[PDB]
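A.B. asks: Starting off with a structure, shown below.
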Amino acid sequence: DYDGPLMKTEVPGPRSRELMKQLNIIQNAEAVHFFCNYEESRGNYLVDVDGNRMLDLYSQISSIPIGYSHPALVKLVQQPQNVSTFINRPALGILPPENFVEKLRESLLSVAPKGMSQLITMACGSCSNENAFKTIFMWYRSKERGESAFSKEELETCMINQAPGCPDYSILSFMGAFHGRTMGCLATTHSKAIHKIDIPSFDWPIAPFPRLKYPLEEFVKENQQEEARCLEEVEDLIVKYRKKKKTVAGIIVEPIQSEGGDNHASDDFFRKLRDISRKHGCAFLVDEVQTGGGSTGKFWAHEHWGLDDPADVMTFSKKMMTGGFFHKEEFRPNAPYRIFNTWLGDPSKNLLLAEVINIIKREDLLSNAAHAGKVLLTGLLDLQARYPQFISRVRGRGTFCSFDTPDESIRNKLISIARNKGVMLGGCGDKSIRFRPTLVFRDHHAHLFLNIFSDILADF
Amino acid sequence: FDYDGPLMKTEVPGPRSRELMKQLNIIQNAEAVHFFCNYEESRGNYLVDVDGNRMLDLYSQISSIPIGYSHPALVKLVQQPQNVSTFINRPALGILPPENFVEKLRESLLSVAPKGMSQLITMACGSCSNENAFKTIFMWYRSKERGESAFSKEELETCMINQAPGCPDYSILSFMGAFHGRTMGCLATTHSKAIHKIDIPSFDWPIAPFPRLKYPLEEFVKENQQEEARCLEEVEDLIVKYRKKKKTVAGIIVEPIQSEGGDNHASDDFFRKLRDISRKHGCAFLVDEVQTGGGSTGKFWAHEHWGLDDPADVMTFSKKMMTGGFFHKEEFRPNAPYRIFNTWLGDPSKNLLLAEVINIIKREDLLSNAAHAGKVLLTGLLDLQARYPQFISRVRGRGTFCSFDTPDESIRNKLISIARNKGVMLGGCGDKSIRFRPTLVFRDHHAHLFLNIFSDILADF
Ligand code: FES
């Protein structure tokens, strides 16, 4: 792709600021950071409307899998036979296209997690998780009622939002979690107050997620004890909510908590959590919406746990272009029209995804993520050694890396400075800086960032 | 743009469809699948399946295809080299919009904004449209109550752990028979069929009766007036009841025509009065036009029939509009960013297509066409109703948004099955209703193609 970044103005520049003013008329546009020229963007480089070309290590909140304007995807749109897929969107649940199954074989089914033979598609991460919740609730009621018909009382009360038709079951989630913002998802989200405030919720159990101490090899015992404490509280919560007649039907967790501030835990913790879930008859729901797609060095991050039975349900979106969830055969809905909506994804996204997965495989991009990520993490550890007054808790897996700054203002200042220097970084939590490079992020991009950021720290 | 009429080769689903349905059933419950389709050969009003059957489609992918299959104007868009990026570079629209984002909105959604609603946020589907409409309404209501006070310390603390006062116990009032989506917030306001709701945790929110009109309308003028008045009273009683329960109604959601519940209509007067009740109790009035929106009732938005300068506070849309989202009044604008947000907030490629759809709707006078084609369709249905009272009752509609009842679910399903094999795709709704959702290039001559086919079916039934 491009050789390096190229800056012409401060960001946002005059043209971005004019467009931001226009947009702010019709909606709150305070979140916009600048306007983009995607036609001129290529690979790891994002071009804005003021002609600035920045190395993008945020990749549209970790949703761009193989870079901007990838030539393989360009070729797809150029093919006359693919026109119909872009302009004839089906109600997939009732009238799928002829190639629906074969395109699924070329894409999502070719990367199915272990033990999960079932797949339903969805259009985003939020309806992926919402429908995973519903799939779990249905499965749990199925266990309880066995091979029996719905009762007349259930059929009548569910229509008016009452038990027993509408059970008071719960999903257990973790502090620091982010699972989406529709009202079901939002109940399991515990990232920032501004995400949650003034919105009605569910009285569902909330467990602590381990806060590891760094550097890791100095706090081995403390961290295992921290993880042990959290696992105990999960089990206590499950028991407590069963007593409250609010049975925990499932547990949802991210393999790495993203929006909450890139919180990591050992593979051992997740294996033990998986066991706790099974032990109490809770469905284990793993949210790979952000970790999925290969940046951790394996296609799904949970693959690092080395389990033949990693989970019951697994959701995905972002890098996968389409959303959806894999699940075990036993979680298959017993009747149609229970897990359903108009579009259930989009065949055009499946078309693109199939080519993305082909590229990832052909070009060995999973291995590349591991390699480039190590270069990045090693460099971050060096800068942490050299600038302890600015950098701490350097952590990561693959390119999925992050570190903390002393406070929020410094975090924001560093991001602002880096952006004007031609590097786009993301923030998470109060004072963390995170990396979500696309999968065509290579060694030399890592070296480029490190050398730019090193100069930034020296001048800071 | 065109085929002559339907052309059938096999029963539906045919052998190739049944084979593909068998394959799909391995990886997921595929019992809902009607058949597999050849969209490449589908054109205008006609859906072609994998067995070569060509059917007149009066269901239009659950009322979501706006100007028919493989429209040449949309073909042209995908063919243009300058549009490639829009299809393969999907932005996080909330933070990094494309250069043409505002202008393409001016060409599309903003050019059909409802009266009194200066604000617009885009969403990817009807469910997240309604969910975020709810949230916008909750934040607005809380903002009313705390005035200029900042977020209290207790609110900021409790909201992180799903507790009041940070998470208020406010409610959205909805109607029996309603359908607003299936995510857990939406679902609480949905009251369509049991199979949609059963075994899913819900919210204790007020549920009002939706008027059940009696037909023919001109023979039940007094009764229908009284029915609507009854429902309006019960709406108001519920708001008061739930205020005392400390589960304050922050908003009221309603469809201008109930779809999935069984194509239930109500007078323009009813909705005007409901709007007034909403305002009176300080509830936001949220109109769900996900299915009624996009022109099939003869006006772009169905609520336009009401004739109000202030028709609602918030209005959601999707399906025919290609993208979802919601218009709303300025006073409902979120005070801070990242409260109404998600990764994609729609998709610029859908906005690209929608701008051209809206261009076609205006240039080909398709709003007026829907009113005309719909009148022809309805007149024919009323004739079949007079000729076959053993099978057809309560013929009703506005524009092409038409429907009628059959004696029972068994007969309803049989008629749909026979019609499909005779080259016409129909939809069902409610217990025993048959509904029509033709695309906007449905013409009076397509109405007659259907009517003549269905007339022969009824004669042999
Ligand atoms: S909720 Fe996922 S696209 Fe609307």
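Just remember, in the structure tokens the first chain shown is A, the second B, etc., residues are 1-based per chain, and ligands are 1-based in the order shown.
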Near residue 131 of chain A, within 9 Å and counting only C-alpha atoms, which residues show up once chain neighbours fewer than 6 positions away are dropped, as a list in words?

C.D. replies: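 Those residues are residues 122, 324, 325, 339 and 340 of chain A; 182, 183 and 184 of chain B.
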
A.B. asks: Write a file of the just-selected residues containing N, CA, C and O atoms, as a short mmCIF file (atom, residue, chain, number, x, y, z; two decimals), in the first residue's frame.

C.D. replies:
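Output contents, as saved in again-v5.cif:
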data_model
loop_
_atom_site.label_atom_id
_atom_site.label_comp_id
_atom_site.auth_asym_id
_atom_site.auth_seq_id
_atom_site.Cartn_x
_atom_site.Cartn_y
_atom_site.Cartn_z
N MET A 122 -27.20 -12.75 11.41
CA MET A 122 -27.83 -11.53 11.90
C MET A 122 -27.09 -10.35 11.29
O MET A 122 -25.99 -10.52 10.78
N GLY A 324 -24.15 -12.79 13.45
CA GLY A 324 -24.78 -14.10 13.59
C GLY A 324 -24.23 -14.80 14.81
O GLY A 324 -23.52 -14.21 15.61
N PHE A 325 -24.59 -16.07 14.97
CA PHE A 325 -23.97 -16.86 16.02
C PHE A 325 -23.94 -18.34 15.67
O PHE A 325 -24.88 -18.87 15.07
N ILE A 339 -36.74 -17.46 16.48
CA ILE A 339 -35.56 -16.67 16.17
C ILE A 339 -35.67 -16.23 14.71
O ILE A 339 -35.47 -17.03 13.79
N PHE A 340 -35.99 -14.95 14.50
CA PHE A 340 -36.41 -14.48 13.19
C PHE A 340 -36.37 -12.95 13.12
O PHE A 340 -36.52 -12.28 14.13
N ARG B 182 -38.21 -7.79 17.49
CA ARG B 182 -38.04 -8.95 18.37
C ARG B 182 -36.82 -8.92 19.29
O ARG B 182 -36.60 -9.88 20.03
N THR B 183 -36.03 -7.86 19.25
CA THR B 183 -35.03 -7.65 20.29
C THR B 183 -35.80 -7.38 21.59
O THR B 183 -36.97 -7.02 21.54
N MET B 184 -35.17 -7.58 22.74
CA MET B 184 -35.93 -7.71 23.98
C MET B 184 -36.70 -6.45 24.39
O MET B 184 -37.74 -6.55 25.04
#

A.B. asks: Considering only C-alpha atoms and all ligand atoms, give me a table of residues in chain B that are at most 7 Å from ligand 1, with the closest atom pair and distance in Å for each, as CSV.

C.D. replies:
residue,atom,partner,partner_atom_place_in_ligand_line,distance
B:123,CA,ligand 1,4 (Fe),6.5
B:124,CA,ligand 1,3 (S),4.5
B:125,CA,ligand 1,4 (Fe),4.0
B:126,CA,ligand 1,4 (Fe),6.2
B:127,CA,ligand 1,4 (Fe),5.3
B:128,CA,ligand 1,4 (Fe),4.1
B:129,CA,ligand 1,4 (Fe),6.8

A.B. asks: Just asking: which residues within segment 245-389 of chain B are helix (DSSP H, G or I) according to DSSP, as an mmCIF file with C-alpha atoms, in the first residue's frame?

C.D. replies:
data_model
loop_
_atom_site.group_PDB
_atom_site.id
_atom_site.type_symbol
_atom_site.label_atom_id
_atom_site.label_comp_id
_atom_site.auth_asym_id
_atom_site.auth_seq_id
_atom_site.Cartn_x
_atom_site.Cartn_y
_atom_site.Cartn_z
ATOM 1 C CA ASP B 268 -57.564 9.056 11.115
ATOM 2 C CA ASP B 269 -59.612 10.635 13.911
ATOM 3 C CA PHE B 270 -58.492 7.936 16.369
ATOM 4 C CA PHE B 271 -54.834 8.641 15.717
ATOM 5 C CA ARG B 272 -55.293 12.411 15.967
ATOM 6 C CA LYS B 273 -56.969 11.947 19.357
ATOM 7 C CA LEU B 274 -54.328 9.443 20.469
ATOM 8 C CA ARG B 275 -51.645 12.001 19.554
ATOM 9 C CA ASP B 276 -53.458 14.522 21.750
ATOM 10 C CA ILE B 277 -53.640 12.086 24.668
ATOM 11 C CA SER B 278 -49.901 11.484 24.369
ATOM 12 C CA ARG B 279 -49.083 15.212 24.504
ATOM 13 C CA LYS B 280 -51.522 15.790 27.365
ATOM 14 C CA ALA B 302 -49.050 6.510 6.256
ATOM 15 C CA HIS B 303 -49.395 9.082 9.063
ATOM 16 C CA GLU B 304 -49.662 11.814 6.416
ATOM 17 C CA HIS B 305 -53.281 10.733 5.916
ATOM 18 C CA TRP B 306 -54.061 12.112 9.383
ATOM 19 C CA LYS B 319 -37.796 -2.236 5.016
ATOM 20 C CA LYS B 320 -38.741 -0.297 1.836
ATOM 21 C CA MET B 321 -36.420 2.500 2.972
ATOM 22 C CA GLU B 330 -35.454 18.880 17.868
ATOM 23 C CA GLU B 331 -36.349 18.721 21.569
ATOM 24 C CA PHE B 332 -35.680 14.961 21.524
ATOM 25 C CA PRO B 348 -23.951 4.202 3.173
ATOM 26 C CA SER B 349 -24.523 1.628 0.422
ATOM 27 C CA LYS B 350 -28.198 1.471 1.417
ATOM 28 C CA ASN B 351 -28.341 5.290 1.372
ATOM 29 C CA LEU B 352 -26.894 5.241 -2.146
ATOM 30 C CA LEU B 353 -29.639 2.871 -3.304
ATOM 31 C CA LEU B 354 -32.385 4.756 -1.418
ATOM 32 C CA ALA B 355 -31.563 8.084 -3.092
ATOM 33 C CA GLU B 356 -32.252 6.469 -6.468
ATOM 34 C CA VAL B 357 -35.362 4.674 -5.186
ATOM 35 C CA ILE B 358 -36.808 7.993 -4.011
ATOM 36 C CA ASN B 359 -35.892 9.601 -7.348
ATOM 37 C CA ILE B 360 -37.839 6.868 -9.163
ATOM 38 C CA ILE B 361 -40.810 7.144 -6.777
ATOM 39 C CA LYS B 362 -41.084 10.860 -7.559
ATOM 40 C CA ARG B 363 -40.372 10.717 -11.297
ATOM 41 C CA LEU B 366 -45.556 6.003 -7.705
ATOM 42 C CA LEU B 367 -47.418 7.385 -4.679
ATOM 43 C CA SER B 368 -50.439 8.203 -6.819
ATOM 44 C CA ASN B 369 -49.991 4.920 -8.662
ATOM 45 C CA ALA B 370 -50.243 2.991 -5.386
ATOM 46 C CA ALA B 371 -53.495 4.776 -4.555
ATOM 47 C CA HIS B 372 -54.871 3.901 -8.000
ATOM 48 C CA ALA B 373 -53.637 0.300 -8.244
ATOM 49 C CA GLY B 374 -54.828 -0.188 -4.680
ATOM 50 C CA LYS B 375 -58.311 1.092 -5.477
ATOM 51 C CA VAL B 376 -58.541 -1.334 -8.401
ATOM 52 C CA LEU B 377 -57.310 -4.201 -6.219
ATOM 53 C CA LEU B 378 -59.764 -3.372 -3.426
ATOM 54 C CA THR B 379 -62.713 -3.025 -5.808
ATOM 55 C CA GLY B 380 -61.916 -6.507 -7.123
ATOM 56 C CA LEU B 381 -61.621 -7.916 -3.598
ATOM 57 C CA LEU B 382 -65.015 -6.461 -2.679
ATOM 58 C CA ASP B 383 -66.465 -8.201 -5.740
ATOM 59 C CA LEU B 384 -64.956 -11.544 -4.743
ATOM 60 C CA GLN B 385 -66.308 -10.922 -1.236
ATOM 61 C CA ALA B 386 -69.841 -10.483 -2.579
ATOM 62 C CA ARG B 387 -69.486 -13.598 -4.750
#

A.B. asks: Mind checking which residues fall within 9 Å of residue 32 of chain B, counting only C-alpha atoms, ignoring those fewer than 3 positions away in the same chain, and posting them as JSON, numbers by chain?

C.D. replies: {"A": [93, 94, 95, 335, 336, 337], "B": [29]}

A.B. asks: Let me see the file: selected residues, N, CA, C and O atoms, as an mmCIF file, in the first residue's frame.

C.D. replies:
data_model
loop_
_atom_site.group_PDB
_atom_site.id
_atom_site.type_symbol
_atom_site.label_atom_id
_atom_site.label_comp_id
_atom_site.auth_asym_id
_atom_site.auth_seq_id
_atom_site.Cartn_x
_atom_site.Cartn_y
_atom_site.Cartn_z
ATOM 1 N N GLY A 93 -34.980 -15.456 5.940
ATOM 2 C CA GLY A 93 -35.668 -16.493 6.688
ATOM 3 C C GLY A 93 -36.707 -17.261 5.884
ATOM 4 O O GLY A 93 -37.031 -18.397 6.218
ATOM 5 N N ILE A 94 -37.240 -16.651 4.828
ATOM 6 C CA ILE A 94 -38.288 -17.310 4.048
ATOM 7 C C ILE A 94 -37.947 -17.530 2.570
ATOM 8 O O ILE A 94 -38.451 -18.474 1.956
ATOM 9 N N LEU A 95 -37.116 -16.670 1.986
ATOM 10 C CA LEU A 95 -36.846 -16.755 0.549
ATOM 11 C C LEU A 95 -35.362 -16.594 0.221
ATOM 12 O O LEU A 95 -34.957 -15.616 -0.422
ATOM 13 N N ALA A 335 -39.016 -24.732 16.937
ATOM 14 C CA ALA A 335 -40.057 -24.318 16.008
ATOM 15 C C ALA A 335 -39.610 -23.076 15.244
ATOM 16 O O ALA A 335 -38.813 -22.291 15.756
ATOM 17 N N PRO A 336 -40.114 -22.892 14.013
ATOM 18 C CA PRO A 336 -39.716 -21.686 13.280
ATOM 19 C C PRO A 336 -40.370 -20.436 13.856
ATOM 20 O O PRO A 336 -41.242 -20.545 14.722
ATOM 21 N N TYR A 337 -39.918 -19.274 13.394
ATOM 22 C CA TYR A 337 -40.474 -17.976 13.768
ATOM 23 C C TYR A 337 -40.265 -17.590 15.232
ATOM 24 O O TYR A 337 -40.930 -16.687 15.734
ATOM 25 N N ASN B 29 -32.706 -24.456 11.772
ATOM 26 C CA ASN B 29 -34.115 -24.735 11.534
ATOM 27 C C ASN B 29 -34.550 -23.974 10.291
ATOM 28 O O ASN B 29 -34.534 -22.746 10.285
#

A.B. asks: Report, in Å with one decimal, the straight-line distance from atom CA of residue 255 of chain A to atom CA of residue 394 of chain A.

C.D. replies: 17.6 Å

A.B. asks: Residues within 8 Å of residue 158 of chain A, please, as number ranges by chain. Count only C-alpha atoms; anything in the same chain fewer than 6 positions from it doesn't count.

C.D. replies: A: 164-166; B: 194, 197-199

A.B. asks: Would you compute the distance between atom CA of residue 209 of chain A and atom CA of residue 414 of chain A? Give it in Å to one decimal.

C.D. replies: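 Atom-to-atom, atom CA of residue 209 of chain A to atom CA of residue 414 of chain A, that is 27.6 Å.
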
A.B. asks: Could you name the residues that touch segment 188-193 of chain B at 10 Å or less, counting only C-alpha atoms, but leaving out those on the same chain fewer than 2 positions away, as a compact mmCIF listing (two decimals) with C-alpha atoms, in the first residue's frame?

C.D. replies:
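Below you can see around_0.txt, which holds the result:
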# COMPACT_ATOMS: atom_id res chain seq x y z
CA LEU A 155 -49.59 -19.08 25.66
CA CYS A 158 -46.77 -14.43 27.20
CA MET A 159 -48.97 -12.20 25.02
CA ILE A 160 -49.32 -9.74 27.91
CA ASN A 161 -45.74 -9.84 29.21
CA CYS A 166 -42.56 -14.79 30.06
CA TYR A 337 -40.47 -17.98 13.77
CA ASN B 130 -37.40 1.18 17.62
CA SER B 171 -42.44 2.25 30.47
CA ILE B 172 -43.54 2.40 26.84
CA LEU B 173 -47.26 1.90 26.23
CA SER B 174 -48.08 -0.42 23.32
CA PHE B 175 -51.20 -1.99 21.80
CA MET B 176 -52.56 -5.53 21.63
CA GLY B 177 -51.91 -6.88 18.14
CA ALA B 178 -48.82 -4.70 17.68
CA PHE B 179 -45.53 -5.75 16.15
CA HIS B 180 -42.44 -3.60 16.67
CA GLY B 181 -39.54 -6.06 16.43
CA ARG B 182 -38.04 -8.95 18.37
CA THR B 183 -35.03 -7.65 20.29
CA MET B 184 -35.93 -7.71 23.98
CA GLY B 185 -36.97 -4.06 24.23
CA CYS B 186 -39.01 -4.17 21.01
CA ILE B 195 -44.82 -18.03 19.24
CA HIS B 196 -43.05 -14.64 18.99
CA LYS B 197 -43.19 -14.06 22.75
CA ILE B 198 -43.18 -17.35 24.61
CA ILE B 200 -38.68 -14.75 26.65
CA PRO B 201 -38.27 -12.43 29.69
CA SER B 202 -40.26 -9.20 29.27
CA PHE B 203 -41.12 -5.80 30.77
CA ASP B 204 -44.20 -4.95 32.84
CA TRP B 205 -45.33 -2.17 30.48
CA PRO B 206 -48.92 -1.04 29.81
CA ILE B 207 -50.81 -2.76 26.99
CA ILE B 252 -46.60 5.56 23.37
CA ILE B 253 -45.74 3.47 20.31
CA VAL B 254 -48.23 2.59 17.55
CA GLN B 258 -51.19 -2.95 12.50
CA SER B 259 -49.47 -5.47 10.20
CA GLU B 260 -48.42 -8.75 11.74
CA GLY B 261 -51.35 -8.63 14.20
CA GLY B 262 -53.78 -8.96 11.31
CA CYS B 429 -51.15 -12.17 8.96
CA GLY B 430 -53.02 -12.75 12.20
CA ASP B 431 -55.00 -15.95 12.74

A.B. asks: Contacts of segment 55-68 of chain B at 9 Å or less, counting only C-alpha atoms, minus same-chain residues fewer than 3 places along, as a PyMOL selection string?

C.D. replies: (chain A and resi 88-92+94-95+342-343) or (chain B and resi 1+5-8+42-49+71+291-292+294-295+318-322+357+360-361+420-427+435-442+446+449-450)

A.B. asks: Kindly save the residues from that selection, with C-alpha atoms included, as a PDB file, in the first residue's frame.

C.D. replies:
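Resulting contents of out.pdb:
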ATOM      1  CA  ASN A  88     -32.153  -7.616  -4.484  1.00  0.00           C
ATOM      2  CA  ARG A  89     -32.101  -8.051  -0.719  1.00  0.00           C
ATOM      3  CA  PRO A  90     -34.054 -11.125   0.384  1.00  0.00           C
ATOM      4  CA  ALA A  91     -36.086 -11.878   3.452  1.00  0.00           C
ATOM      5  CA  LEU A  92     -33.531 -14.583   4.185  1.00  0.00           C
ATOM      6  CA  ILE A  94     -38.288 -17.310   4.048  1.00  0.00           C
ATOM      7  CA  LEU A  95     -36.846 -16.755   0.549  1.00  0.00           C
ATOM      8  CA  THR A 342     -36.904  -9.451   8.185  1.00  0.00           C
ATOM      9  CA  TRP A 343     -33.382  -9.703   6.779  1.00  0.00           C
TER      10      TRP A 343
ATOM     11  CA  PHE B   1     -38.711  -3.778 -15.988  1.00  0.00           C
ATOM     12  CA  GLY B   5     -47.495 -12.526 -16.246  1.00  0.00           C
ATOM     13  CA  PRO B   6     -46.726 -15.580 -14.146  1.00  0.00           C
ATOM     14  CA  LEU B   7     -45.455 -18.823 -15.646  1.00  0.00           C
ATOM     15  CA  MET B   8     -45.441 -22.030 -13.636  1.00  0.00           C
ATOM     16  CA  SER B  42     -36.404 -11.979 -11.081  1.00  0.00           C
ATOM     17  CA  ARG B  43     -37.740  -8.728 -12.566  1.00  0.00           C
ATOM     18  CA  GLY B  44     -40.161  -6.049 -11.421  1.00  0.00           C
ATOM     19  CA  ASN B  45     -43.193  -7.694  -9.837  1.00  0.00           C
ATOM     20  CA  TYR B  46     -42.016 -11.239 -10.606  1.00  0.00           C
ATOM     21  CA  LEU B  47     -40.034 -13.596  -8.402  1.00  0.00           C
ATOM     22  CA  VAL B  48     -38.364 -16.546 -10.130  1.00  0.00           C
ATOM     23  CA  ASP B  49     -37.516 -19.657  -8.082  1.00  0.00           C
ATOM     24  CA  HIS B  71     -34.555  -2.491 -11.229  1.00  0.00           C
ATOM     25  CA  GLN B 291     -43.992  -1.471   7.362  1.00  0.00           C
ATOM     26  CA  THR B 292     -46.449   1.311   6.414  1.00  0.00           C
ATOM     27  CA  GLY B 294     -42.437   4.100   1.720  1.00  0.00           C
ATOM     28  CA  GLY B 295     -45.607   4.861  -0.204  1.00  0.00           C
ATOM     29  CA  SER B 318     -36.919   0.473   7.596  1.00  0.00           C
ATOM     30  CA  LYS B 319     -37.796  -2.236   5.016  1.00  0.00           C
ATOM     31  CA  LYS B 320     -38.741  -0.297   1.836  1.00  0.00           C
ATOM     32  CA  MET B 321     -36.420   2.500   2.972  1.00  0.00           C
ATOM     33  CA  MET B 322     -33.480   0.062   2.580  1.00  0.00           C
ATOM     34  CA  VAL B 357     -35.362   4.674  -5.186  1.00  0.00           C
ATOM     35  CA  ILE B 360     -37.839   6.868  -9.163  1.00  0.00           C
ATOM     36  CA  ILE B 361     -40.810   7.144  -6.777  1.00  0.00           C
ATOM     37  CA  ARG B 420     -48.643 -19.881  -5.103  1.00  0.00           C
ATOM     38  CA  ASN B 421     -48.926 -22.972  -7.284  1.00  0.00           C
ATOM     39  CA  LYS B 422     -51.099 -20.883  -9.624  1.00  0.00           C
ATOM     40  CA  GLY B 423     -48.399 -18.228  -9.873  1.00  0.00           C
ATOM     41  CA  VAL B 424     -49.199 -15.685  -7.152  1.00  0.00           C
ATOM     42  CA  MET B 425     -47.306 -15.157  -3.883  1.00  0.00           C
ATOM     43  CA  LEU B 426     -49.500 -13.951  -1.023  1.00  0.00           C
ATOM     44  CA  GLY B 427     -48.806 -13.145   2.612  1.00  0.00           C
ATOM     45  CA  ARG B 435     -52.598  -9.658   3.155  1.00  0.00           C
ATOM     46  CA  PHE B 436     -51.178  -7.819   0.159  1.00  0.00           C
ATOM     47  CA  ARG B 437     -47.817  -6.041   0.122  1.00  0.00           C
ATOM     48  CA  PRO B 438     -47.078  -5.394  -3.528  1.00  0.00           C
ATOM     49  CA  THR B 439     -43.926  -3.520  -4.503  1.00  0.00           C
ATOM     50  CA  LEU B 440     -44.354   0.065  -5.783  1.00  0.00           C
ATOM     51  CA  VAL B 441     -44.217  -0.924  -9.459  1.00  0.00           C
ATOM     52  CA  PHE B 442     -47.409  -2.945  -8.954  1.00  0.00           C
ATOM     53  CA  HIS B 446     -51.181  -6.684 -12.069  1.00  0.00           C
ATOM     54  CA  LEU B 449     -53.858 -10.678 -13.198  1.00  0.00           C
ATOM     55  CA  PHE B 450     -54.230 -11.602  -9.531  1.00  0.00           C
TER      56      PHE B 450
END

A.B. asks: Ranking B:248, B:323, B:25, B:85 by minimum distance to chain A and counting only C-alpha atoms, which one comes first?

C.D. replies: B:85

A.B. asks: Considering only C-alpha atoms, tabulate each residue of segment 58-77 of chain A that lies at most 12 Å from segment 295-302 of chain A along with its nearest interatomic pair and the corresponding distance in Å to one decimal; arrange the rows by chain and ascending residue number and present them as JSON lines.

C.D. replies:
{"residue": "A:59", "atom": "CA", "partner": "A:295", "partner_atom": "CA", "distance": 11.8}
{"residue": "A:62", "atom": "CA", "partner": "A:295", "partner_atom": "CA", "distance": 9.4}
{"residue": "A:63", "atom": "CA", "partner": "A:295", "partner_atom": "CA", "distance": 11.1}
{"residue": "A:64", "atom": "CA", "partner": "A:295", "partner_atom": "CA", "distance": 11.3}
{"residue": "A:65", "atom": "CA", "partner": "A:295", "partner_atom": "CA", "distance": 9.2}
{"residue": "A:66", "atom": "CA", "partner": "A:295", "partner_atom": "CA", "distance": 10.9}

A.B. asks: Please produce an output containing N, CA, C and O atoms for each residue in the selection, written as a PDB file, in the first residue's frame.

C.D. replies:
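The new file out23.pdb reads:
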ATOM      1  N   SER A  59      -9.203   0.994  12.684  1.00  0.00           N
ATOM      2  CA  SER A  59      -9.938   0.235  11.662  1.00  0.00           C
ATOM      3  C   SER A  59     -11.461   0.238  11.837  1.00  0.00           C
ATOM      4  O   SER A  59     -12.102  -0.819  11.788  1.00  0.00           O
ATOM      5  N   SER A  62     -12.498  -1.658  14.849  1.00  0.00           N
ATOM      6  CA  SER A  62     -12.126  -3.057  14.638  1.00  0.00           C
ATOM      7  C   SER A  62     -13.091  -3.822  13.727  1.00  0.00           C
ATOM      8  O   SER A  62     -13.411  -4.984  13.992  1.00  0.00           O
ATOM      9  N   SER A  63     -13.539  -3.181  12.650  1.00  0.00           N
ATOM     10  CA  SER A  63     -14.541  -3.785  11.768  1.00  0.00           C
ATOM     11  C   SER A  63     -14.073  -3.932  10.321  1.00  0.00           C
ATOM     12  O   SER A  63     -14.776  -4.510   9.493  1.00  0.00           O
ATOM     13  N   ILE A  64     -12.897  -3.404  10.004  1.00  0.00           N
ATOM     14  CA  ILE A  64     -12.359  -3.529   8.651  1.00  0.00           C
ATOM     15  C   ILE A  64     -11.349  -4.672   8.607  1.00  0.00           C
ATOM     16  O   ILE A  64     -10.253  -4.551   9.149  1.00  0.00           O
ATOM     17  N   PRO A  65     -11.714  -5.794   7.966  1.00  0.00           N
ATOM     18  CA  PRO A  65     -10.892  -7.008   8.079  1.00  0.00           C
ATOM     19  C   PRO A  65      -9.580  -6.993   7.293  1.00  0.00           C
ATOM     20  O   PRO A  65      -8.552  -7.338   7.867  1.00  0.00           O
ATOM     21  N   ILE A  66      -9.602  -6.634   6.013  1.00  0.00           N
ATOM     22  CA  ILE A  66      -8.382  -6.718   5.212  1.00  0.00           C
ATOM     23  C   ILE A  66      -8.039  -5.393   4.541  1.00  0.00           C
ATOM     24  O   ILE A  66      -7.538  -5.363   3.418  1.00  0.00           O
TER      25      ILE A  66
END

A.B. asks: What's the 9 Å shell around residue 216 of chain B, counting only C-alpha atoms, without same-chain residues fewer than 4 positions away, as an MDAnalysis selection string?

C.D. replies: chainID B and resid 220 394:396

A.B. asks: Check the smallest atom-to-atom distance from each of B:150, B:419, B:405, B:81 to residue 74 of chain A using only C-alpha atoms, then report the winner.

C.D. replies: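 Ranked by minimum distance to residue 74 of chain A, first place goes to B:81.
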
A.B. asks: Here is a test: counting only C-alpha atoms, which residue of A:413, A:434, A:319, A:332 is nearest to chain B?

C.D. replies: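 With only C-alpha atoms as the atom set, the closest residue is A:332.
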
A.B. asks: Using DSSP on the backbone, list every residue of segment 246-306 of chain B that comes out as strand (DSSP E or B), and give them as an MDAnalysis selection string.

C.D. replies: chainID B and resid 249:254 258 264 284:288

A.B. asks: Here is a test: counting only C-alpha atoms, which residue of B:341, B:454, B:210, B:215 is nearest to chain A?

C.D. replies: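 With only C-alpha atoms as the atom set, the closest residue is B:341.
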
A.B. asks: Pick the closest to chain A from B:242, B:3, B:326, B:285: which is it, counting only C-alpha atoms?

C.D. replies: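 Using only C-alpha atoms, the shortest distance to chain A belongs to B:326.
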